[PDB]
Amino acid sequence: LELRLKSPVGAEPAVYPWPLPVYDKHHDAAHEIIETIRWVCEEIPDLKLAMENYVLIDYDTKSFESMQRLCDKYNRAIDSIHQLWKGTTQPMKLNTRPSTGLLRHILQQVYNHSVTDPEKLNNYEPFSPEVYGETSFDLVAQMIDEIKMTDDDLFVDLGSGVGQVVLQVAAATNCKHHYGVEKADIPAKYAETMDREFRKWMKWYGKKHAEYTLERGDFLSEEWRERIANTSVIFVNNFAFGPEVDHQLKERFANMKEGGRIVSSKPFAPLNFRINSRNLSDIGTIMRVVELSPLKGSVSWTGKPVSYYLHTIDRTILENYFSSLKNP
């Protein structure tokens, strides 16, 4: 006993067992199904035209027959569209990036099928750098919009967790390669499934994504000193990392190339930094730090609007300080 959803591009259908499973208090397979049909209809206008006809809310997420009528109606619409693409009509353009709305849905879908037990992500040692927290989809979307990236860039999420930041960025930009490194076994284990599900679902919807690799590791290791030095865009949610880990990271960012950028939850250098005789070795001497705009309606436990910072390796700061020493 199941429910099947055909791929708009011919991949293997999506199969859901019945009763439909629940993911958490706010997500169940039944609504994922309804939402997937809704989004494929966004990708294919003709499909949307065939779906309107006769689907007057007459569906109960709790009735097998009712949900089966929804899936079959969608699947028959998919067959007609596929016939339509055999005639003169042009097929849905392939290998294109997903829209922001579709991406939100695809990542939620991948998460649903990968993080089977969300609770285990909380089995970390409190008050340690191991503290787990997820950056909202929207913040990453904002970062992507403000930090124009190109195929010349390399993106790294230090302490990537189950890897959803790397997947969103890989689906939205054309970096040469995206990387995510996570130390804890639990999030790293889920990242493996996250990776499989993402590739599977992106193929299912017929969407393209840049190259990316989710790996297990310690970003403070020797291998990572040079890896970090060659990254042009680094994302790091260091809110709970601590002064010791942040200090090490600074040593490593100090080797990055001109124009390199870092986005984080806690700034690595004060926003009011002013070079002088006492802080010549301070990280703030080689980087501009700006606070990204707070996303409207987005607060954290601190009651204030969630804050992220953008650092840009700019050694022109230090060079101007020395010139000022020479004149006068």
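Throughout, rigid core stands for the largest set of C-alpha atoms superposing within 1.5 Å between the two forms. Start at 1 and count along the sequence shown; that's the residue number.
Q: After fitting on the rigid core, which stretch moves more in 9 other deposited structures of this protein, 200-208 or 235-243, going by C-alpha RMS?
A: Of the two stretches, the larger average C-alpha offset in 9 other deposited structures of this protein falls on 235-243.
Q: If you line up the core and then measure how far each C-alpha sits from this form in 9 other deposited structures of this protein, which stretch comes out higher, 179-187 or 135-143?
A: Evaluated in 9 other deposited structures of this protein, the stretch farther from the shown form is 135-143.
Q: Would you say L56 is commonly dropped, meaning unmodelled in a third or more of the other compared entries that have residues on each side of it?
A: In at least a third of the comparable entries (those modelling both sides of it), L56 has no coordinates.
Q: Is it the case that at least a third of the other compared entries omit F253, given both of its neighbours are modelled there?
A: No: coordinates for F253 present in every compared entry.
Q: Going by the B-factors listed in the PDB entry, is the mean over the C-alpha atoms higher for 88-96 or for 150-158?
A: Comparing averages over the C-alpha atoms only gives 88-96.
Q: Which of the two stretches, 205-213 or 113-121, shows the higher mean Cα temperature factor in the record?
A: Higher mean C-alpha B-factor in the PDB entry: 113-121.
Q: Would you mind checking where the Cα B-factor of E32 ranks among the modelled residues of its chain, as the lowest, middle or highest third?
A: Lowest third of the chain for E32's C-alpha B-factor.
Q: By its CA B factor, does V9 count among the lowest, middle or highest third of the modelled residues in the chain?
A: For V9, the deposited C-alpha B-factor lands in the lowest third.
Q: Hey, what third does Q83 fall into on Cα B-factor, ranked over its chain?
A: CA B-factor rank for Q83: middle third.
Q: Looking at the temperature factor on the CA atom of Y309, which third of the chain's modelled residues does it land in?
A: Tercile = lowest for this residue's CA B-factor.
Q: Give the position of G163 by CA B-factor within its chain, expressed as the lowest, middle or highest third.
A: Its C-alpha B-factor, which the entry lists for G163, ranks in the lowest third among residues of this chain.
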